[PDB]
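Structure, as structure tokens:
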Amino acid sequence: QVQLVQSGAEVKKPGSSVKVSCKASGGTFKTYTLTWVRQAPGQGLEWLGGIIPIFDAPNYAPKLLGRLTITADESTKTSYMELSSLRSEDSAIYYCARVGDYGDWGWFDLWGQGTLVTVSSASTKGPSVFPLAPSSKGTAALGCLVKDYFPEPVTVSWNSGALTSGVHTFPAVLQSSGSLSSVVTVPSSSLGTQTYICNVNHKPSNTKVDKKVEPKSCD
Amino acid sequence: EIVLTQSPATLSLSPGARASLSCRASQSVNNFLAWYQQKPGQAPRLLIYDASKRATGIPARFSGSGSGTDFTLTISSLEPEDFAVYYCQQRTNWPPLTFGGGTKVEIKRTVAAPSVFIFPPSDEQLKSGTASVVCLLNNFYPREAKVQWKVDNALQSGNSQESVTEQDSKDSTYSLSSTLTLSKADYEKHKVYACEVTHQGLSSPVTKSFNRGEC
């Protein structure tokens, strides 16, 4: 029943501000009981701010240095998180949540779905995909390299879905400016016979690059 | 401030086994301590509050204990879903309500050596001005693995990026790609390109390599 719905993903330039919203659907609890938390890629949780029950206004993480504001609109059951002067470090998933004993069987535990906020002086860009040819020099390995892109969800399929066993698609990395790779394991014998093709279905840039991978030959 | 320390950061346990996870507080939080579970792709889930109280709808195999400074989360018998990350959080009236750094529970399996592959840059990419060299370590366990890139026998540092898959659901192994990116001008200044893999399942480093321009 009771849900917390958060605002969509945001990309923001450094030094700017972002405002993420969180709307409570069901329930009849106070909006100011909502807490904000964040998780940078591959990192732990960090408590941003919220109202400790013994006080009347929100406390914030001191390392934020005052750049954070949390505001509750009771009219619309919406908590707003505003973070100004964005540093590279603020790039994370931001979570709204209601956790504690507030006065209804056990502790309340309710979480929003998360809101990815990405900060950088970069700008959007679609990716070109370069083949990783299987060596002619048992088990063969081949793949697709997906390089120099921005908008995050780059989905990868093999053989339009008809190939899934042995596939590894690696989590993306960020270079000093600006990549992903996907690989698959196959029997050497199928090379040349079975035609392997990877499908990058990059949904933001409208990129639909379907690259075929073959073994590389000589002269 | 109040610092929570979760040691060890990775627990490697067999399916079915008892799991004990620790949390140490820099000063007494009495019993004002919470445990969360976080699975890949999801918001965290509250498991234990007030150090020892099970949250509603949390299965009975989870239990908390301790008070003051040292705290334990126990799972009496890990189910497949229990292999995830666990965080403690201090729940006093003193903000910030800090989390510990997290403890990952992973499947402990037998050592498995990596298969190593090296992919030279494509002719496609070289037309574009950059050379990417990909080194692949396929289906190994445990996760610790060192890949050292060598260009004409010279150790490459600050020059490549690694990336690791989550522990696989079928055989509990990991896979890893290391990518060396040189510009095309810099690529053509050298001949022998090699990645060197050390891992607990290898009695000796494995080296894969090619000479630039050869098939």
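In table form, for the structure just shown:
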{"read-out": "Within the stretch B:155-211, strands (runs of 3 or more DSSP E) holding 3 or more residues that are crowded, with 18+ Cβ neighbours inside 10 Å", "value": "B:174-183, B:192-198"}
{"read-out": "Members of the stretch B:64-114 found to be of a type in the set (D, E, K, R) and more than 14 Å from chain A (Cβ to nearest Cβ), listed by number", "value": "B:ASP70, B:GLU79, B:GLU81, B:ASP82, B:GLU106, B:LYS108, B:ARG109"}
{"read-out": "Sole residue being surrounded by fewer than 16 Cβ atoms within 10 Å (Cβ to Cβ), more than 30 Å from B:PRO15 (Cβ to Cβ) and assigned by TED's automatic domain parsing to the domain that holds B:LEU21, chosen from B:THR69, B:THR74", "value": "B:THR69"}
{"read-out": "Flag for A:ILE70 being more than 22 Å from the chain's Cα centre (by Cα) and in a strand (DSSP E or B)", "value": "yes"}
{"read-out": "Qualifying residue in the stretch B:159-169 (condition: of a type outside the set (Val, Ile, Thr), over 20 Å from A:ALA172 (Cβ atoms) and outside the structural domain of B:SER12 (by TED's automatic domain parsing))", "value": "yes"}
{"read-out": "Of all residues in the stretch B:156-205 being in contact with a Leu (Cβ under 7 Å, 6 or more places away or on another chain) and hydrophobic (A, V, I, L, M, F, W, C), the one that is farthest from the other protein chains (Cβ to nearest Cβ)", "value": "B:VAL197"}
{"read-out": "Subset of the stretch A:41-90 [among the charged types (D, E, K, R) and within 14 Å of another protein chain (Cβ to nearest Cβ)]", "value": "A:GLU46, A:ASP56, A:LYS63"}
{"read-out": "Positions within the stretch A:1-43 being out of contact with any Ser or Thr (no Cβ under 9 Å at 6 or more places or on another chain), closer than 30 Å to B:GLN6 by Cβ and surrounded by fewer than 16 Cβ atoms within 10 Å (Cβ to Cβ), in sequence order", "value": "A:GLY42, A:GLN43"}
{"read-out": "Tally, over the stretch A:58-101, of residues that are farther than 30 Å from A:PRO151 by Cα and in contact with a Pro (Cβ under 8 Å, 6 or more places away or on another chain)", "value": "4"}
{"read-out": "Strands (runs of 3 or more DSSP E) contained entirely in the stretch A:101-144, each with at least 1 residues that are within 30 Å of B:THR130 (Cα to Cα)", "value": "A:115-119, A:128-132"}
{"read-out": "Hits in the stretch B:147-185 - residues which are closer than 28 Å to A:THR164 by Cα and among the charged types (D, E, K, R)", "value": "B:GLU162, B:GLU166, B:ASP168, B:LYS170, B:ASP171"}
{"read-out": "Residue ID - surrounded by the fewest Cβ atoms within 10 Å (Cβ to Cβ), chosen from residues in the stretch B:83-131 that are aliphatic (A, V, I, L, M) and closer than 30 Å to B:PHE62 by Cα", "value": "B:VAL111"}
{"read-out": "So A:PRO153, is it closer than 25 Å to B:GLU162 by Cβ and crowded, with 19+ Cβ neighbours inside 10 Å", "value": "no"}
{"read-out": "Close pairs (6 angstrom Cβ cut-off, 6 or more residues apart or separate chains): more than 24 Å from B:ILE118 (Cβ to Cβ) in the stretch B:162-180, in a loop (DSSP other than H, G, I, E, B) anywhere", "value": "B:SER172/B:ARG109"}
{"read-out": "Neighbours by Cβ (under 6 Å, 6+ apart or cross-chain): first from the stretch A:167-185, at the interface with chain B (Cβ under 8 Å from one of its Cβ atoms); second of a type in the set (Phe, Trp, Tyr)", "value": "A:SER181/A:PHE170"}
{"read-out": "Candidate set: the stretch B:115-155, residues that are β-branched (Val, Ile, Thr) and within 14 Å of another protein chain (Cβ to nearest Cβ); chosen: the one farthest from B:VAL197 (Cα to Cα)", "value": "B:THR130"}
{"read-out": "Residues that are within 11 Å of chain B (Cβ to nearest Cβ) and in contact with a helix residue (DSSP H, G or I) (Cβ under 9 Å, 6 or more places away or on another chain), drawn from the stretch A:100-128", "value": "A:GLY100, A:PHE108, A:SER128"}
{"read-out": "Residues satisfying the stated conditions in the stretch A:129-152, i.e. more than 12 Å from every other protein chain (Cβ to nearest Cβ) and among the charged types (D, E, K, R)", "value": "A:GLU152"}
{"read-out": "Residue tally, condition of a type in the set (D, E, K, R) and part of a loop (DSSP other than H, G, I, E, B), over the stretch B:144-154", "value": "2"}
{"read-out": "Selection count, the stretch A:192-219, where residues are in a loop (DSSP other than H, G, I, E, B) and more than 14 Å from chain B (Cβ to nearest Cβ)", "value": "8"}
{"read-out": "Tally of residues being out of contact with any helix residue (DSSP H, G or I) (no Cβ under 7 Å at 6 or more places or on another chain) and either aliphatic (A, V, I, L, M) or assigned to a strand (DSSP E or B) (or both) across the stretch A:19-39", "value": "11"}
{"read-out": "Check on B:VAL134, surrounded by 16 or more Cβ atoms within 10 Å (Cβ to Cβ) and within 23 Å of A:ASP148 (Cα to Cα)", "value": "yes"}
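Every residue, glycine as well, gets a Cβ built from its backbone with ideal geometry; the counts of neighbours run over all protein chains shown. Basis: the model, the stated rules and, where named, an outside source; these are not laboratory values.
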